[PDB]
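Single chain ahead, written as C-alpha cells, the form deposited in one PDB entry.
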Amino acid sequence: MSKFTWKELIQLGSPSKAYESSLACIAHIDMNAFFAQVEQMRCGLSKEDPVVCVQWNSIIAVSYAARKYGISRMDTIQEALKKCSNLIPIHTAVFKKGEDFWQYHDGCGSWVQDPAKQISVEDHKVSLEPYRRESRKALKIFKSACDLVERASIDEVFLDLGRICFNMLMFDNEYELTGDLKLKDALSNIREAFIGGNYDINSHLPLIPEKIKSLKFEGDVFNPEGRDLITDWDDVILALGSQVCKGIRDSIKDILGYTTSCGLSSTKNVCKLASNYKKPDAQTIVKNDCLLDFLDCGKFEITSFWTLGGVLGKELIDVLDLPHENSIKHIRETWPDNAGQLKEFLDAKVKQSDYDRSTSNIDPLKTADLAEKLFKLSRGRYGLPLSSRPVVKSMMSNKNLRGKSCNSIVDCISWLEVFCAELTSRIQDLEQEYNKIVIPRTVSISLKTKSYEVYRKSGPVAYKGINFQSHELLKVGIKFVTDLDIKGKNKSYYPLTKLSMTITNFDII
C-alpha cells in the first residue's frame, strides 16, 4: 500500500488545510525583470531586444536579453550603452511638478544628446503605476485559474493547486496520458475507491497503478540522483500540478505577453527556491523524494529561507554553531531523529549565562515552535499557509528636492498635487487587488528647509464621500504646508531640500 493515507489526499480539497498535507502542491510564479517586460510590451518590442527600464541615470530593471551583455542594476545607463551598442533604454513614466497625472516621454532621457529631449530630475518624479496596473492584470488571470492565490509581491505569487489537482485526479474524464490512454482509465481503481467510500480516513491509499507512470511532468524535474519519476501519489499530484501551471503560465503569456519562471513542490519555501533556480523562462519541479538533493545541491543555506534571511538567521548561525556551507544538511544530521532533540539543545542555549534575552531574536518561551520549524525546513517539509499580506500600516510619497524646485508655497502645493495623485493611485491599487475600501484618517506632512531644519505637522483628514481621498488629502496637505510656511516666516526656509506626505490610521472597510 501507498505511504500516504486517504486523509492526506482528501485534505487537498480544503483551502484552509491543504497546505498541511504531505501531498500538497504549491506553486511559485515569477514575472522576471518585470518592469523591463512591461516597457518592452508597451513599445511593441520582443523578448530578444536588449531593453532596460530606466530612471534618471540608473537602471531599475534589466531584460535578460540585455543581461547577456554583462549589464546589471549596478551599471549607469552610459556604462550599459558601452556594454551594449543596440541597447534600448526606456525611461519610466513620470509625474511633472504641478500635474496630477503621470506621462511617458519616449525618446527622452539623460542619454539623448538633444537638450530638448530630456527628463529633468528637478521637476519630475518616477511613477510606478504602470507596473501596478499590469500586475493587477496578471493577478486577475491567476485568480481565475486558482481558488487560492497569494500576491507575495508585484511580480510574484503563490498558488495552492490542491483543489485543481484533487479534482483532476478524481473527476477529469478528458485528460489524455497517451493517444490510447485516458487519465480516467489509468486511475479507475482509486476513483472507484473514492466514490466507494468504504475506507477509513487513516487507511493507506492503494498503490499507484502502473499506468499512471505514463503521466508526464511539464518542466524540469530536479533529479541529480536519477530517481524514478512517478513512484507514489505525491508524484502524481505534482505532475498534474505541473500541467496546470504550464496552462496558467501560457495564459499570462498569450493574454499579456509576459514570460514567467515557476517553481513547484509541496511547500511555499521550496517552490520559491525552485522558482529562482532557473531565472529566465522556466519551470522547475521538486519531488518530495528529491527535497534533500535539492536543498543540498550547493546553492542554499539556512539563510536562504523566507524569515531566516536577516538578523534571526544570523543569530541561529551563531547559536547553533552552523558551518558557512551546508548549514542545512548540518541541521538535519545534528538533530536527525526528532524536533524535540533540537528543542532541548535550544533550551540549554537559552539558559546559558552569555545568552541575552533582551536583544535576542529568539523567543525562549517558544523553542518548541522554532525547533519544529528548523527541523522541517532542513528537510523541505515546513508548510506555511498562503496568507494575504498584512494591512498597509503606512504609505509615504516624498521628494528630495534639488536647487530651487520648491522655492515657495506655490511650489510646495505643486509638489503635493503630485504626491497626492501618487498615494491615490497606490490606494486604489490596494483596494482593487484585495477588494477593500481603504480610507486613511491621519495625514502627516514633513519637510527640510534650506538650513536643514525639520518641520512636521500631522492631523486628521475628512471623507466628504466615496473615493474622494484625492481632493480631501490635498486640502489638508495644503493647509499644513501653509501652516508650516508661516511657522518659518523668519528663517532661511524656502529653498527646500525635502518634502513628504505620509498617510496612516487606515480604516479598511
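All residue numbers are counted from 1 along the displayed sequence. We call the rigid core the largest set of C-alpha positions that still match within 1.5 Å between the two forms.
There is another form of the same protein, the form deposited in another entry; it is not shown, and what comes next is about it.
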Report task. Tell which of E192, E210, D356, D180, after superposing on the rigid core, has its C-alpha displaced by 2 Å or more between this form and the one not shown, please. Result -> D356
Query raised in the report: So, does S451 move by 2 Å or more at the CA between this form and the one not shown, with the core held fixed?
Result: yes
Query raised in the report: Taking the rigid core as the reference frame, is the Cα of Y463 displaced by 2 Å or more between this form and the one not shown?
Result: yes
Query raised in the report: If you line up the core, does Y434 shift 2 angstroms or more at its C-alpha between this form and the one not shown?
Result: yes
